[PDB]
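Engineer: Structure supplied as input38.pdb; contents: PDB, C-alpha atoms and all ligand atoms.
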```pdb
ATOM      1  CA  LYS T   1      93.095 127.020  91.360  1.00  0.00           C
ATOM      2  CA  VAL T   2      94.134 124.387  88.826  1.00  0.00           C
ATOM      3  CA  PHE T   3      97.811 123.552  89.490  1.00  0.00           C
ATOM      4  CA  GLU T   4     100.234 122.593  86.726  1.00  0.00           C
ATOM      5  CA  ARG T   5     101.937 119.230  87.433  1.00  0.00           C
ATOM      6  CA  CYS T   6     105.469 120.318  88.345  1.00  0.00           C
ATOM      7  CA  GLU T   7     104.274 123.440  90.141  1.00  0.00           C
ATOM      8  CA  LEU T   8     102.224 121.184  92.465  1.00  0.00           C
ATOM      9  CA  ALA T   9     105.091 118.662  92.888  1.00  0.00           C
ATOM     10  CA  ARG T  10     107.449 121.378  94.111  1.00  0.00           C
ATOM     11  CA  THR T  11     104.765 122.833  96.371  1.00  0.00           C
ATOM     12  CA  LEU T  12     104.058 119.482  97.995  1.00  0.00           C
ATOM     13  CA  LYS T  13     107.744 118.766  98.584  1.00  0.00           C
ATOM     14  CA  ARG T  14     108.183 122.140 100.291  1.00  0.00           C
ATOM     15  CA  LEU T  15     105.217 121.296 102.532  1.00  0.00           C
ATOM     16  CA  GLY T  16     106.961 118.109 103.718  1.00  0.00           C
ATOM     17  CA  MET T  17     104.886 115.490 101.926  1.00  0.00           C
ATOM     18  CA  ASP T  18     107.731 113.507 100.402  1.00  0.00           C
ATOM     19  CA  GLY T  19     107.881 110.268 102.375  1.00  0.00           C
ATOM     20  CA  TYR T  20     105.319 111.361 104.967  1.00  0.00           C
ATOM     21  CA  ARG T  21     104.202 108.234 106.852  1.00  0.00           C
ATOM     22  CA  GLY T  22     106.062 106.280 104.182  1.00  0.00           C
ATOM     23  CA  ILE T  23     104.234 107.860 101.248  1.00  0.00           C
ATOM     24  CA  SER T  24     106.352 109.046  98.315  1.00  0.00           C
ATOM     25  CA  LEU T  25     105.708 112.347  96.546  1.00  0.00           C
ATOM     26  CA  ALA T  26     104.774 110.538  93.293  1.00  0.00           C
ATOM     27  CA  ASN T  27     101.956 108.773  95.190  1.00  0.00           C
ATOM     28  CA  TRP T  28     100.573 112.054  96.489  1.00  0.00           C
ATOM     29  CA  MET T  29     100.750 113.422  92.936  1.00  0.00           C
ATOM     30  CA  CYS T  30      98.883 110.388  91.554  1.00  0.00           C
ATOM     31  CA  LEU T  31      96.207 110.804  94.253  1.00  0.00           C
ATOM     32  CA  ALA T  32      95.616 114.551  93.544  1.00  0.00           C
ATOM     33  CA  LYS T  33      95.608 113.820  89.809  1.00  0.00           C
ATOM     34  CA  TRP T  34      92.802 111.250  90.001  1.00  0.00           C
ATOM     35  CA  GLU T  35      90.825 112.877  92.817  1.00  0.00           C
ATOM     36  CA  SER T  36      90.574 116.406  91.439  1.00  0.00           C
ATOM     37  CA  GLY T  37      92.794 116.887  88.413  1.00  0.00           C
ATOM     38  CA  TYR T  38      94.952 119.167  90.598  1.00  0.00           C
ATOM     39  CA  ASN T  39      91.936 121.470  91.147  1.00  0.00           C
ATOM     40  CA  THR T  40      91.518 123.075  94.615  1.00  0.00           C
ATOM     41  CA  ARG T  41      87.897 124.254  94.232  1.00  0.00           C
ATOM     42  CA  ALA T  42      86.351 120.888  93.380  1.00  0.00           C
ATOM     43  CA  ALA T  43      83.523 119.898  95.787  1.00  0.00           C
ATOM     44  CA  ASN T  44      81.512 116.775  94.951  1.00  0.00           C
ATOM     45  CA  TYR T  45      78.315 115.819  96.718  1.00  0.00           C
ATOM     46  CA  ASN T  46      77.697 112.123  97.378  1.00  0.00           C
ATOM     47  CA  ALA T  47      73.920 111.721  97.100  1.00  0.00           C
ATOM     48  CA  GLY T  48      74.242 108.201  98.466  1.00  0.00           C
ATOM     49  CA  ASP T  49      75.344 109.104 102.006  1.00  0.00           C
ATOM     50  CA  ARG T  50      74.852 112.883 102.235  1.00  0.00           C
ATOM     51  CA  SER T  51      78.581 113.658 102.524  1.00  0.00           C
ATOM     52  CA  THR T  52      80.728 115.867 100.265  1.00  0.00           C
ATOM     53  CA  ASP T  53      84.368 115.511  99.117  1.00  0.00           C
ATOM     54  CA  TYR T  54      86.365 118.738  99.228  1.00  0.00           C
ATOM     55  CA  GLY T  55      89.326 120.148  97.354  1.00  0.00           C
ATOM     56  CA  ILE T  56      92.497 118.930  95.719  1.00  0.00           C
ATOM     57  CA  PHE T  57      92.569 115.684  97.764  1.00  0.00           C
ATOM     58  CA  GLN T  58      88.768 115.337  97.853  1.00  0.00           C
ATOM     59  CA  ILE T  59      88.655 114.968 101.636  1.00  0.00           C
ATOM     60  CA  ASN T  60      85.321 113.675 103.008  1.00  0.00           C
ATOM     61  CA  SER T  61      83.042 115.712 105.332  1.00  0.00           C
ATOM     62  CA  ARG T  62      81.875 112.730 107.432  1.00  0.00           C
ATOM     63  CA  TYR T  63      85.222 112.256 109.170  1.00  0.00           C
ATOM     64  CA  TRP T  64      87.653 115.048 108.321  1.00  0.00           C
ATOM     65  CA  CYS T  65      86.142 118.519 108.049  1.00  0.00           C
ATOM     66  CA  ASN T  66      82.957 120.219 109.170  1.00  0.00           C
ATOM     67  CA  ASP T  67      80.347 121.454 106.685  1.00  0.00           C
ATOM     68  CA  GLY T  68      77.436 121.258 109.142  1.00  0.00           C
ATOM     69  CA  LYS T  69      75.082 119.357 106.838  1.00  0.00           C
ATOM     70  CA  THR T  70      76.658 115.884 106.994  1.00  0.00           C
ATOM     71  CA  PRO T  71      74.776 113.523 109.417  1.00  0.00           C
ATOM     72  CA  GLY T  72      76.732 111.925 112.267  1.00  0.00           C
ATOM     73  CA  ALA T  73      79.934 113.596 111.165  1.00  0.00           C
ATOM     74  CA  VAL T  74      83.139 114.292 113.038  1.00  0.00           C
ATOM     75  CA  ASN T  75      85.817 116.873 112.314  1.00  0.00           C
ATOM     76  CA  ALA T  76      89.152 115.142 112.862  1.00  0.00           C
ATOM     77  CA  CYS T  77      91.102 117.864 111.022  1.00  0.00           C
ATOM     78  CA  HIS T  78      89.408 120.569 113.133  1.00  0.00           C
ATOM     79  CA  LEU T  79      88.699 122.635 110.031  1.00  0.00           C
ATOM     80  CA  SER T  80      85.710 124.071 108.221  1.00  0.00           C
ATOM     81  CA  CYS T  81      85.418 122.280 104.876  1.00  0.00           C
ATOM     82  CA  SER T  82      85.610 125.749 103.274  1.00  0.00           C
ATOM     83  CA  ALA T  83      89.316 125.713 104.271  1.00  0.00           C
ATOM     84  CA  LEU T  84      89.849 122.859 101.820  1.00  0.00           C
ATOM     85  CA  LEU T  85      88.610 124.974  98.889  1.00  0.00           C
ATOM     86  CA  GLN T  86      91.297 127.708  99.127  1.00  0.00           C
ATOM     87  CA  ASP T  87      93.962 128.274  96.450  1.00  0.00           C
ATOM     88  CA  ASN T  88      96.538 128.032  99.259  1.00  0.00           C
ATOM     89  CA  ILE T  89      96.781 124.279  99.968  1.00  0.00           C
ATOM     90  CA  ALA T  90      98.512 124.476 103.362  1.00  0.00           C
ATOM     91  CA  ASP T  91      95.364 123.461 105.284  1.00  0.00           C
ATOM     92  CA  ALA T  92      94.450 120.724 102.776  1.00  0.00           C
ATOM     93  CA  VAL T  93      97.963 119.319 103.202  1.00  0.00           C
ATOM     94  CA  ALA T  94      97.791 119.408 107.001  1.00  0.00           C
ATOM     95  CA  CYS T  95      94.477 117.519 106.829  1.00  0.00           C
ATOM     96  CA  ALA T  96      95.770 115.019 104.259  1.00  0.00           C
ATOM     97  CA  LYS T  97      98.658 114.281 106.683  1.00  0.00           C
ATOM     98  CA  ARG T  98      96.071 113.671 109.427  1.00  0.00           C
ATOM     99  CA  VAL T  99      94.118 111.208 107.242  1.00  0.00           C
ATOM    100  CA  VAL T 100      97.173 109.028 106.596  1.00  0.00           C
ATOM    101  CA  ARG T 101      98.127 108.976 110.281  1.00  0.00           C
ATOM    102  CA  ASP T 102      95.250 106.462 110.583  1.00  0.00           C
ATOM    103  CA  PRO T 103      95.916 102.690 110.033  1.00  0.00           C
ATOM    104  CA  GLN T 104      94.788 102.607 106.386  1.00  0.00           C
ATOM    105  CA  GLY T 105      97.316 105.220 105.340  1.00  0.00           C
ATOM    106  CA  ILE T 106      97.054 106.189 101.670  1.00  0.00           C
ATOM    107  CA  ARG T 107      94.525 103.367 101.118  1.00  0.00           C
ATOM    108  CA  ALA T 108      91.871 105.571 102.731  1.00  0.00           C
ATOM    109  CA  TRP T 109      91.165 106.834  99.202  1.00  0.00           C
ATOM    110  CA  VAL T 110      89.730 104.180  96.897  1.00  0.00           C
ATOM    111  CA  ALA T 111      90.906 106.069  93.789  1.00  0.00           C
ATOM    112  CA  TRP T 112      94.518 105.481  94.920  1.00  0.00           C
ATOM    113  CA  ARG T 113      93.903 101.714  94.998  1.00  0.00           C
ATOM    114  CA  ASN T 114      92.312 101.801  91.554  1.00  0.00           C
ATOM    115  CA  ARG T 115      94.731 104.092  89.742  1.00  0.00           C
ATOM    116  CA  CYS T 116      97.994 104.319  91.688  1.00  0.00           C
ATOM    117  CA  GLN T 117      98.651 101.194  93.750  1.00  0.00           C
ATOM    118  CA  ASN T 118     101.282  98.865  92.264  1.00  0.00           C
ATOM    119  CA  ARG T 119     101.667 101.021  89.161  1.00  0.00           C
ATOM    120  CA  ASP T 120     104.624 102.974  87.803  1.00  0.00           C
ATOM    121  CA  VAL T 121     103.930 106.393  89.309  1.00  0.00           C
ATOM    122  CA  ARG T 122     107.271 107.921  88.213  1.00  0.00           C
ATOM    123  CA  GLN T 123     105.591 109.909  85.421  1.00  0.00           C
ATOM    124  CA  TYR T 124     103.820 112.199  87.907  1.00  0.00           C
ATOM    125  CA  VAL T 125     107.092 113.808  89.109  1.00  0.00           C
ATOM    126  CA  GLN T 126     109.409 113.317  86.089  1.00  0.00           C
ATOM    127  CA  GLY T 127     111.206 116.488  85.108  1.00  0.00           C
ATOM    128  CA  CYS T 128     109.873 118.556  88.028  1.00  0.00           C
ATOM    129  CA  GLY T 129     113.175 118.994  89.855  1.00  0.00           C
ATOM    130  CA  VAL T 130     112.032 117.317  93.099  1.00  0.00           C
TER     131      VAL T 130
HETATM  132 NA    NA L   1      82.647 116.547 109.529  1.00  0.00          NA
END
```
What would the structure in this file look like if it were written as structure tokens?

Structural biologist:
Amino acid sequence: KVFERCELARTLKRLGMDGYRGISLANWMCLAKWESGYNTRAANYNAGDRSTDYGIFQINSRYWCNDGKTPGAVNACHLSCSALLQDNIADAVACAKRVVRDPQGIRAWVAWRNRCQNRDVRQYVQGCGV
């Protein structure tokens, strides 16, 4: 599923992401925007280390979900990576919350540092009623 901007913003707020571990909704929106373009079925293989990024938040198989083919991997979210490819983003959100519970927080995703950190992220939620 490819979410429309405001539709996703309202969905994320209802799922309790606004201010989770100090992360504003606009930051989560910026992250999903640059990671997948608000697309839940995106799965990108990383030829370099044999891991794959899954779903709307592009969560990595080496540490967060199990896909069985990633060497020396753990499954901190206790989910099959297939769960992160559903149109219903409840599981992806639960796992995203888990990721940020670690010391790095939102910085765990390099795309956030490149495209969201220290920028005006207001545009991602403007006019969405959240
Ligand atoms: Na894994």

Engineer: Name each residue within 9 Å of ligand NA 1 (chain L), counting only C-alpha atoms and all ligand atoms, as a PyMOL selection string.

Structural biologist: chain T and resi 51+60-81

Engineer: Which one of T:57, T:52, T:100, T:119 sits closest to residue 31 (chain T) if you count all atoms listed in the file?

Structural biologist: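 Ranking T:57, T:52, T:100, T:119 by distance to residue 31 (chain T), first place goes to T:57.
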
Engineer: Which residue is closest to residue 58 (chain T)? Choose from T:2, T:32, T:26, T:83 and count all atoms listed in the file.

Structural biologist: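 When distances to residue 58 (chain T) are compared using all atoms listed in the file, the smallest one comes from T:32.
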
Engineer: Please return the centre and edge lengths, in Å to one decimal, of a box with edges along x, y and z that contains all listed atoms of region 125-129 of chain T, widened by 4 Å on every side, as JSON.

Structural biologist:
```
{"center_x": 110.1, "center_y": 116.2, "center_z": 87.5, "size_x": 14.1, "size_y": 13.7, "size_z": 12.7}
```

Engineer: Carefully work through the PyMOL selection byres (((chain T and resi 30) around 12) and not hetatm) for this structure and note down the residues it includes, as a VMD selection string.

Structural biologist: chain T and resid 5 8 to 9 23 to 29 31 to 38 56 to 57 106 109 111 to 125

Engineer: Output: region 75-108 of chain T of the preceding structure, restricted to N, CA, C and O atoms, written as a PDB file, in the first residue's frame.

Structural biologist:
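For reference, part.pdb as written:
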```
ATOM      1  N   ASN T  75      16.525 -11.289  15.981  1.00  0.00           N
ATOM      2  CA  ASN T  75      15.157 -10.903  15.698  1.00  0.00           C
ATOM      3  C   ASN T  75      14.603 -10.190  16.923  1.00  0.00           C
ATOM      4  O   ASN T  75      13.726 -10.705  17.612  1.00  0.00           O
ATOM      5  N   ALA T  76      15.110  -8.985  17.161  1.00  0.00           N
ATOM      6  CA  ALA T  76      14.708  -8.192  18.318  1.00  0.00           C
ATOM      7  C   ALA T  76      13.219  -7.855  18.361  1.00  0.00           C
ATOM      8  O   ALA T  76      12.641  -7.753  19.448  1.00  0.00           O
ATOM      9  N   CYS T  77      12.582  -7.694  17.203  1.00  0.00           N
ATOM     10  CA  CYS T  77      11.145  -7.399  17.188  1.00  0.00           C
ATOM     11  C   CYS T  77      10.272  -8.650  17.320  1.00  0.00           C
ATOM     12  O   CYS T  77       9.054  -8.550  17.510  1.00  0.00           O
ATOM     13  N   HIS T  78      10.905  -9.820  17.267  1.00  0.00           N
ATOM     14  CA  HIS T  78      10.216 -11.108  17.364  1.00  0.00           C
ATOM     15  C   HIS T  78       9.122 -11.182  16.315  1.00  0.00           C
ATOM     16  O   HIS T  78       7.963 -11.464  16.624  1.00  0.00           O
ATOM     17  N   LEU T  79       9.492 -10.886  15.073  1.00  0.00           N
ATOM     18  CA  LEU T  79       8.545 -10.916  13.964  1.00  0.00           C
ATOM     19  C   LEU T  79       9.205 -11.497  12.725  1.00  0.00           C
ATOM     20  O   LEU T  79      10.429 -11.446  12.570  1.00  0.00           O
ATOM     21  N   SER T  80       8.383 -12.064  11.852  1.00  0.00           N
ATOM     22  CA  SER T  80       8.865 -12.540  10.569  1.00  0.00           C
ATOM     23  C   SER T  80       8.939 -11.221   9.779  1.00  0.00           C
ATOM     24  O   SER T  80       8.106 -10.323   9.972  1.00  0.00           O
ATOM     25  N   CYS T  81       9.923 -11.086   8.904  1.00  0.00           N
ATOM     26  CA  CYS T  81      10.035  -9.872   8.120  1.00  0.00           C
ATOM     27  C   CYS T  81       8.817  -9.674   7.216  1.00  0.00           C
ATOM     28  O   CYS T  81       8.502  -8.544   6.831  1.00  0.00           O
ATOM     29  N   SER T  82       8.130 -10.769   6.894  1.00  0.00           N
ATOM     30  CA  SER T  82       6.911 -10.717   6.078  1.00  0.00           C
ATOM     31  C   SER T  82       5.873  -9.795   6.748  1.00  0.00           C
ATOM     32  O   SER T  82       5.106  -9.099   6.069  1.00  0.00           O
ATOM     33  N   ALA T  83       5.875  -9.775   8.081  1.00  0.00           N
ATOM     34  CA  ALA T  83       4.942  -8.940   8.851  1.00  0.00           C
ATOM     35  C   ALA T  83       5.105  -7.444   8.550  1.00  0.00           C
ATOM     36  O   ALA T  83       4.160  -6.660   8.679  1.00  0.00           O
ATOM     37  N   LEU T  84       6.305  -7.068   8.131  1.00  0.00           N
ATOM     38  CA  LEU T  84       6.613  -5.687   7.822  1.00  0.00           C
ATOM     39  C   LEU T  84       6.290  -5.317   6.380  1.00  0.00           C
ATOM     40  O   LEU T  84       6.674  -4.244   5.908  1.00  0.00           O
ATOM     41  N   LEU T  85       5.614  -6.213   5.663  1.00  0.00           N
ATOM     42  CA  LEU T  85       5.229  -5.950   4.271  1.00  0.00           C
ATOM     43  C   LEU T  85       3.690  -5.893   4.116  1.00  0.00           C
ATOM     44  O   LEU T  85       3.155  -5.827   3.007  1.00  0.00           O
ATOM     45  N   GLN T  86       2.980  -5.924   5.239  1.00  0.00           N
ATOM     46  CA  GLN T  86       1.509  -5.875   5.220  1.00  0.00           C
ATOM     47  C   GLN T  86       1.012  -4.450   4.977  1.00  0.00           C
ATOM     48  O   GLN T  86       1.735  -3.487   5.237  1.00  0.00           O
ATOM     49  N   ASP T  87      -0.230  -4.319   4.512  1.00  0.00           N
ATOM     50  CA  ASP T  87      -0.836  -3.002   4.304  1.00  0.00           C
ATOM     51  C   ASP T  87      -1.147  -2.408   5.691  1.00  0.00           C
ATOM     52  O   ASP T  87      -1.159  -1.193   5.869  1.00  0.00           O
ATOM     53  N   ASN T  88      -1.468  -3.270   6.648  1.00  0.00           N
ATOM     54  CA  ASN T  88      -1.750  -2.842   8.009  1.00  0.00           C
ATOM     55  C   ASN T  88      -0.377  -2.639   8.659  1.00  0.00           C
ATOM     56  O   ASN T  88       0.370  -3.604   8.848  1.00  0.00           O
ATOM     57  N   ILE T  89      -0.075  -1.401   9.046  1.00  0.00           N
ATOM     58  CA  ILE T  89       1.234  -1.068   9.620  1.00  0.00           C
ATOM     59  C   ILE T  89       1.397  -1.186  11.130  1.00  0.00           C
ATOM     60  O   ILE T  89       2.392  -0.711  11.675  1.00  0.00           O
ATOM     61  N   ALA T  90       0.457  -1.840  11.799  1.00  0.00           N
ATOM     62  CA  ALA T  90       0.530  -2.005  13.251  1.00  0.00           C
ATOM     63  C   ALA T  90       1.826  -2.689  13.710  1.00  0.00           C
ATOM     64  O   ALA T  90       2.510  -2.195  14.621  1.00  0.00           O
ATOM     65  N   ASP T  91       2.193  -3.789  13.051  1.00  0.00           N
ATOM     66  CA  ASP T  91       3.415  -4.512  13.405  1.00  0.00           C
ATOM     67  C   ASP T  91       4.672  -3.700  13.079  1.00  0.00           C
ATOM     68  O   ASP T  91       5.625  -3.692  13.857  1.00  0.00           O
ATOM     69  N   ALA T  92       4.677  -3.027  11.931  1.00  0.00           N
ATOM     70  CA  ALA T  92       5.817  -2.196  11.539  1.00  0.00           C
ATOM     71  C   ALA T  92       6.032  -1.099  12.575  1.00  0.00           C
ATOM     72  O   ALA T  92       7.179  -0.761  12.906  1.00  0.00           O
ATOM     73  N   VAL T  93       4.927  -0.535  13.077  1.00  0.00           N
ATOM     74  CA  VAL T  93       4.987   0.520  14.075  1.00  0.00           C
ATOM     75  C   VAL T  93       5.511  -0.022  15.404  1.00  0.00           C
ATOM     76  O   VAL T  93       6.353   0.606  16.038  1.00  0.00           O
ATOM     77  N   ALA T  94       5.032  -1.191  15.820  1.00  0.00           N
ATOM     78  CA  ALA T  94       5.518  -1.777  17.060  1.00  0.00           C
ATOM     79  C   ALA T  94       7.031  -2.007  16.983  1.00  0.00           C
ATOM     80  O   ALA T  94       7.758  -1.764  17.949  1.00  0.00           O
ATOM     81  N   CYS T  95       7.506  -2.461  15.828  1.00  0.00           N
ATOM     82  CA  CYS T  95       8.926  -2.737  15.631  1.00  0.00           C
ATOM     83  C   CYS T  95       9.752  -1.452  15.561  1.00  0.00           C
ATOM     84  O   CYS T  95      10.848  -1.378  16.121  1.00  0.00           O
ATOM     85  N   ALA T  96       9.206  -0.434  14.907  1.00  0.00           N
ATOM     86  CA  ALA T  96       9.860   0.868  14.819  1.00  0.00           C
ATOM     87  C   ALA T  96      10.052   1.416  16.249  1.00  0.00           C
ATOM     88  O   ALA T  96      11.096   1.991  16.563  1.00  0.00           O
ATOM     89  N   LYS T  97       9.037   1.246  17.104  1.00  0.00           N
ATOM     90  CA  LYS T  97       9.115   1.707  18.494  1.00  0.00           C
ATOM     91  C   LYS T  97      10.256   0.977  19.215  1.00  0.00           C
ATOM     92  O   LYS T  97      11.016   1.589  19.982  1.00  0.00           O
ATOM     93  N   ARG T  98      10.399  -0.315  18.924  1.00  0.00           N
ATOM     94  CA  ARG T  98      11.460  -1.131  19.516  1.00  0.00           C
ATOM     95  C   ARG T  98      12.838  -0.598  19.116  1.00  0.00           C
ATOM     96  O   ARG T  98      13.719  -0.429  19.966  1.00  0.00           O
ATOM     97  N   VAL T  99      13.012  -0.314  17.825  1.00  0.00           N
ATOM     98  CA  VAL T  99      14.282   0.206  17.300  1.00  0.00           C
ATOM     99  C   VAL T  99      14.749   1.445  18.049  1.00  0.00           C
ATOM    100  O   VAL T  99      15.911   1.528  18.449  1.00  0.00           O
ATOM    101  N   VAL T 100      13.843   2.403  18.240  1.00  0.00           N
ATOM    102  CA  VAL T 100      14.198   3.656  18.908  1.00  0.00           C
ATOM    103  C   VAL T 100      14.360   3.582  20.418  1.00  0.00           C
ATOM    104  O   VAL T 100      14.822   4.532  21.044  1.00  0.00           O
ATOM    105  N   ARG T 101      14.034   2.429  20.993  1.00  0.00           N
ATOM    106  CA  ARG T 101      14.181   2.205  22.427  1.00  0.00           C
ATOM    107  C   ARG T 101      15.678   1.977  22.714  1.00  0.00           C
ATOM    108  O   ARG T 101      16.108   1.931  23.875  1.00  0.00           O
ATOM    109  N   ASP T 102      16.461   1.770  21.652  1.00  0.00           N
ATOM    110  CA  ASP T 102      17.905   1.587  21.765  1.00  0.00           C
ATOM    111  C   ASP T 102      18.546   2.978  21.878  1.00  0.00           C
ATOM    112  O   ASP T 102      17.936   3.963  21.481  1.00  0.00           O
ATOM    113  N   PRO T 103      19.787   3.071  22.409  1.00  0.00           N
ATOM    114  CA  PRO T 103      20.494   4.347  22.577  1.00  0.00           C
ATOM    115  C   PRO T 103      20.536   5.343  21.428  1.00  0.00           C
ATOM    116  O   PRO T 103      20.421   6.546  21.658  1.00  0.00           O
ATOM    117  N   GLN T 104      20.667   4.856  20.199  1.00  0.00           N
ATOM    118  CA  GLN T 104      20.726   5.741  19.030  1.00  0.00           C
ATOM    119  C   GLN T 104      19.425   6.467  18.718  1.00  0.00           C
ATOM    120  O   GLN T 104      19.431   7.491  18.033  1.00  0.00           O
ATOM    121  N   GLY T 105      18.311   5.888  19.139  1.00  0.00           N
ATOM    122  CA  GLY T 105      17.024   6.505  18.878  1.00  0.00           C
ATOM    123  C   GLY T 105      16.753   6.545  17.389  1.00  0.00           C
ATOM    124  O   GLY T 105      17.024   5.583  16.676  1.00  0.00           O
ATOM    125  N   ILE T 106      16.252   7.684  16.921  1.00  0.00           N
ATOM    126  CA  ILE T 106      15.905   7.889  15.515  1.00  0.00           C
ATOM    127  C   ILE T 106      17.137   7.876  14.597  1.00  0.00           C
ATOM    128  O   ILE T 106      17.031   7.610  13.399  1.00  0.00           O
ATOM    129  N   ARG T 107      18.312   8.123  15.174  1.00  0.00           N
ATOM    130  CA  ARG T 107      19.565   8.138  14.414  1.00  0.00           C
ATOM    131  C   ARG T 107      19.953   6.774  13.857  1.00  0.00           C
ATOM    132  O   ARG T 107      20.867   6.673  13.050  1.00  0.00           O
ATOM    133  N   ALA T 108      19.251   5.727  14.278  1.00  0.00           N
ATOM    134  CA  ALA T 108      19.526   4.378  13.799  1.00  0.00           C
ATOM    135  C   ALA T 108      19.404   4.310  12.285  1.00  0.00           C
ATOM    136  O   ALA T 108      19.983   3.433  11.651  1.00  0.00           O
TER     137      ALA T 108
END
```
